[PDB]
Structure formats: structure tokens, C-alpha cells
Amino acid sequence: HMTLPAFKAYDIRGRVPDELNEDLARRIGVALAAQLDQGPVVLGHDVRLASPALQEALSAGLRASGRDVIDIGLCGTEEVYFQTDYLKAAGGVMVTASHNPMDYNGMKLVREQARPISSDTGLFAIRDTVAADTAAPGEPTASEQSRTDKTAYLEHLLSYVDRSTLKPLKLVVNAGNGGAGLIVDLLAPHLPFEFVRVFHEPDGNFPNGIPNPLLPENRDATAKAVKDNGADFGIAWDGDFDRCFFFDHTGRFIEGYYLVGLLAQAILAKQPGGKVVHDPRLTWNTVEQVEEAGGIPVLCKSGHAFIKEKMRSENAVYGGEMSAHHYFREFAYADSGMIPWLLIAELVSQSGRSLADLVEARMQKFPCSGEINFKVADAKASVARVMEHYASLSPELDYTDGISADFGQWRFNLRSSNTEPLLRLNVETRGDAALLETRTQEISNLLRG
């Protein structure tokens, strides 16, 4: 292997100990110090068994390079984002494995204002430094401070809702033995909600499976809890809870697409006329709901780094991806798995409408395929077959992010993943479920052919 495999497009991601270990972690700390502007570095970690050791190695390398370290301890990814920005630190690293296997771990790195460090914005520079670094470890010349106070973070979360307007909704919450439960419990004394706690305790051994609400078996655990307890709706998170997933009162999982438009309207009620950033995979419903709420929709390439920089350049109040990532301007332009369900709970409380009713007509008006992934022998040839087949229909074509083709009553986006060697397909139609299925199956056949 010519270069270190753990260094991916957006983050560091690999098997312990051959792709990621304490030695590499320490070298990464040293290299990161050379890439940042002045200031301390915030460090946090998730519930994985190896994460504290990796964070300590990271701290050792940073402090050997004269960087003060602010250890915010066991946390969610968004807390590293928030505290980095809030404390005006030089940068931050979250040690997390997200939903990777048990023998895996990783790191998400940010600089000032929690601005992402990605492959083309410092991460491969870090990789190359680490790759060539054979120097003996130096000793720490800077200190580490423990800062586990979450008051500022919690106040920021609560600032998104008028607590006097909240109703005592019954909410299922499913941390999947990740870290989300700790924050829910800290918020609960300040909320009127009745919580039904599922897989609630943090446990890096993951007795009920690695947190991933998109897997049907994991999905059903939240769904069952909602139905059995007559909950208003249910929320589940991934391990580092920067992704949230919603289940209405019938137990039905709500496709992430529709929450972009819903959350946009929620935010626009608080910040009128604002711009809203969205990705190009699924678009029609978002554009319509944003515009109807008096907002301005802004098309952007998918990927958190693209989304965040677009929001910054546009002073956008909110950004959302169909892949369950939701970004908020005052939250350091960063994603949160907590702010969205607070906003939705407030929406349900104030409107008297169920989460089901809030999205029902939208799902009927703009039905989507869901993201469908393809691993084929020749991605480029497969894309060519699709485009050649639809040429005679003369679709409107857009190349913001792969290929978007607008045929009038239906459209698709076809993308190479930046994080996996996959093709990703998304189809939607104008209120036509039949057209949706036939076109989705047609494209599927073409890609596989």
C-alpha cells in the first residue's frame, strides 16, 4: 500500500492497530500542530473502547509540539465542533469510529471556527507529514486542561425552542448504546417531554449492535418502541450522534429528504428570508418548501465540507442533506443531531399536527426512490449506458455533483461517492409513484448491465 489507507476524503478512518494506532495518533497530533493557526486544540472522543487511548496519544503529540489541549472528554462529534468555535480554539479533533466495525476507529479534524480539514484542505498534508515522520517523540511542552462543562452547549441547544410553547409529548429516544443518551438526560430536566429510553446506556461493546438506524433490524427497534408505547414520535442516532433519524407515531421511518424541507421551514419561522443550502440528490420538495416559507434555496454539491463553505459564503441560516446531516449557522455552521429533534418537537407542539401529517402530503407530492447504491465493474461505462439510453428524451442536465437529469415530471441524480468506491442513485417524480418505480428499475438495469 503506497499511502496510509486510513486517510480518507473527509476524515481518518481505519482498522486498529494496522491502519490506526497510538503511534500514528501521536504523529497526527504533531502534524496537526503544524497545520493550524495560533491557539489550543479541543479533543473529544466517543464510546469506543480504544478511543480514550487514541485521544491521549493525540494529546501527547500536540503538547510535545507546544499546543495546549482542552479535553472535553466523552462527547458527541458536534460538541467538538461547538467547543472549538465557542472557546475560539485553533482547532479540534473528535476521536470516533461512527458506524464502522468493532476493530475500527478514526478521527474528524477541524481548524478555527470548526472549519473542516479535508483531504484537499490539510488532511493529506497531515498524512504526508505523518508518512515521512521518523523523529523520536519529544516530551510535552504544553499543558492539558479538563473541561467537561456542557452548560454553554446545552444552553445553545435549548435556545432553538420556546420552552413555554412545548407540550408534554411522549418521545422514544434510541441512542443505540452510543453517546446520545447523556445529552438527552441533561436536556430532560428543562423539557416537558416524556422520554421512552431505548438502548440508552453508553456501551462500547455494543450489545445491541453498532449504532446505525438505517439498518432495518436497528430501525425496527425504534419503530416497535414507538408503536408499543403510543409515542408521538421516535428519534434514533448514530454513535457520535451527529446524525438523527425520525419515526412518526405509526412507527414509520421518515426518509431524510423530507426533513430538509421541514427543518428549513422551522428555521425560517425564526429567521425570515434566510438562505437555505441543500444538496443536488433530491431537490424539488426542498426548493418548494423553502420558497413557500419565504426562504431562498441554494444548490450545493453534497458533502459536509462543501455544504459548510457554501453556507458561510451565503450567510445561510440552515443547510440540510438527505443523508441525515443538518447544519445550523449559529452552531458554528456545523451539524447537530440534537437541534433537529428539538425543532421538530416544537413544530409538533405548536401546530397540533403529528409528525406524520407534517410530511405526509410532501411525500405524496414528491416521492423518491431512496438512495440506491451500486458496486459495478466499470462505473464510468455504467453511467455512460444510462445517459446514452435517455439521450433522445433530451433531459436538462446539471453537473454540480455527478449528473443530474431533469425530464420534467421526473429527475435523477447519479453520483460517485467520495467516501466509498460506489455509485449512488436518487430518483424523484412529481406525484407519480408508478413513474418513480419504472424509471428507478430502468436505471438500475442499465447500471447493472
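In this text, the rigid core denotes the largest set of C-alpha atoms whose superposition between the two forms falls within 1.5 Å. In case it trips you up, residue 1 is the first one in the sequence shown, and so on.
*Asks:* Is the larger C-alpha RMS shift in 6 other deposited structures of this protein, relative to this form with the rigid core superposed, found in 419-427 or in 44-52?
*Replies:* Stretch with the higher C-alpha RMS distance in 6 other deposited structures of this protein: 419-427.
*Asks:* Find the stretch among 410-418 and 66-74 with the larger RMS C-alpha deviation in 6 other deposited structures of this protein, all structures being superposed on the shown form by the rigid core.
*Replies:* Relative to the shown form, the greater RMS C-alpha distance in 6 other deposited structures of this protein belongs to 410-418.
*Asks:* Look up the CA B-factors in the entry and say which stretch, 395-403 or 48-56, has the higher mean.
*Replies:* Comparing averages over the C-alpha atoms only gives 395-403.
*Asks:* Name the higher of the two by mean Cα B-factor in the PDB entry, 83-91 versus 144-152.
*Replies:* Higher of the two, by average CA B-factor, is 144-152.
*Asks:* For the CA B factor values reported in this entry, which option in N315, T286, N208, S369 has the top one?
*Replies:* In the PDB entry, the greatest C-alpha B-factor among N315, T286, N208, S369 is found at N208.
*Asks:* Checking the entry, which one of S336, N373, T250, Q271 has the top C-alpha B factor?
*Replies:* Highest CA B-factor of the listed options: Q271.
*Asks:* Is the Cα B-factor recorded for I12 in the lowest, middle or highest third of its chain?
*Replies:* Its C-alpha B-factor belongs to the middle third of this chain's values.
*Asks:* Among the modelled residues of its chain, does the C-alpha B-factor of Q409 lie in the lowest, middle or highest third?
*Replies:* Its C-alpha B-factor, which the entry lists for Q409, ranks in the middle third among residues of this chain.
*Asks:* If you rank the chain by CA B-factor, which third does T96 end up in: lowest, middle or highest?
*Replies:* Tercile = middle for this residue's CA B-factor.
*Asks:* Is the Cα B-factor recorded for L4 in the lowest, middle or highest third of its chain?
*Replies:* Within its chain, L4 is a highest-third residue by C-alpha B-factor, going by the deposited values.
*Asks:* Would you mind checking where the Cα B-factor of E346 ranks among the modelled residues of its chain, as the lowest, middle or highest third?
*Replies:* It falls in the bottom third of the chain.
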